[PDB]
């Protein structure tokens, strides 16, 4: 249904008149989407001819396992990904239990796209924007119950010394409403951006019930707009957490932070700091920093850290209806709902 627990209101391909197809490989996904653009007469239709619910049964563990053993050999390879360009009829790509992919999903100028239960990791082509998931000029996208991973490590001699692997979920352009939920993101250096440049500001993103572990930064690197981060489990953050920039507003509530450096900050621009409303997290005052191993660092440019752990601004009325569970409940239960193979389960107060 349209309820995603966030700003995105979409059902993807699970609508009336949808056609279900099974993909056993990346190639099939491409061929299926391509066929879905032709009407009864064999003519193409703008935005697609009919809704789709593609179930991916392929498994590329062999590619993933070989990449994991040769981390530094991935960045120079050709990037692999299925591009969903200008398809608006509605599309849901569900990975079948047991499936895995060594290719990304790149959404471009589309709408109502749902990506669920996909295990994507160690993609090749980091030097050529090999993102695991990319949302560009695409409103109403829902990235739910996926496992996005790689190795939180940078190899030597990589272009820009930042391209060993690319991001987990990059959002940019007119991707006005998006919900990123129940994802198990681990071992990723650059998790994902929310705005590709200082000029690419806006969008309303909801990050909830995501379990991040062993990640370096960008949770997200927010550029303007609104970001509602609730019920996320943030552990072992090696660089920085939510980086609220270009005057962005964030509502950080009922989250669990632990072993994290600069969990909530605004840095790198040296100006136009974003704001945050802090409520109901495991941390309530600076006295809890030592309790949960929270450390802060400075930046060479003017920056703002939430080292006082107090709200620095306001946040509009959260449009959608949601009910956050307690920070303690996410810490105790979230790991069992986030990720693939959980049958798209959701954490409720009744399970606390």
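Positions refer to the first chain, counted from 1.
query: Averaging C-alpha B-factors over each stretch, which comes out higher, 122-130 or 158-166?
result: Higher mean C-alpha B-factor: 158-166.
- request: Could you check which stretch, 278-286 or 182-190, carries the larger mean CA temperature factor in the entry?
  value: So the stretch with the higher mean C-alpha B-factor is 278-286.
Residue, from 217, 143, 233, 84, that the PDB entry assigns the highest Cα B-factor: Highest C-alpha B-factor among the listed options: 84.
- prompt: Between 311, 317, 65, 59, which carries the biggest CA temperature factor in the record?
  reply: Comparing C-alpha B-factors across 311, 317, 65, 59, the top value belongs to 317.
field: Among modelled residues of the same chain, the CA temperature factor third for residue 228
entry: Bottom third by C-alpha B-factor.
task: Determine, from the deposited record, the chain-internal third of the Cα B-factor for residue 206: lowest, middle or highest.
output: Lowest third - that is where residue 206 ends up once the chain's C-alpha B-factors are sorted.
Ranked against its chain, the third holding the CA B-factor of residue 245: Within its chain, residue 245 is a lowest-third residue by C-alpha B-factor, going by the deposited values.
message: Is residue 137 in the lowest, middle or highest third of its chain when residues are ranked by C-alpha B-factor?
response: Answer is lowest: the recorded C-alpha B-factor places it there.
- prompt: Lowest, middle or highest third: where is residue 96 by Cα B-factor in its chain?
  reply: Ranked within chain, residue 96 CA B lands in the highest tercile.
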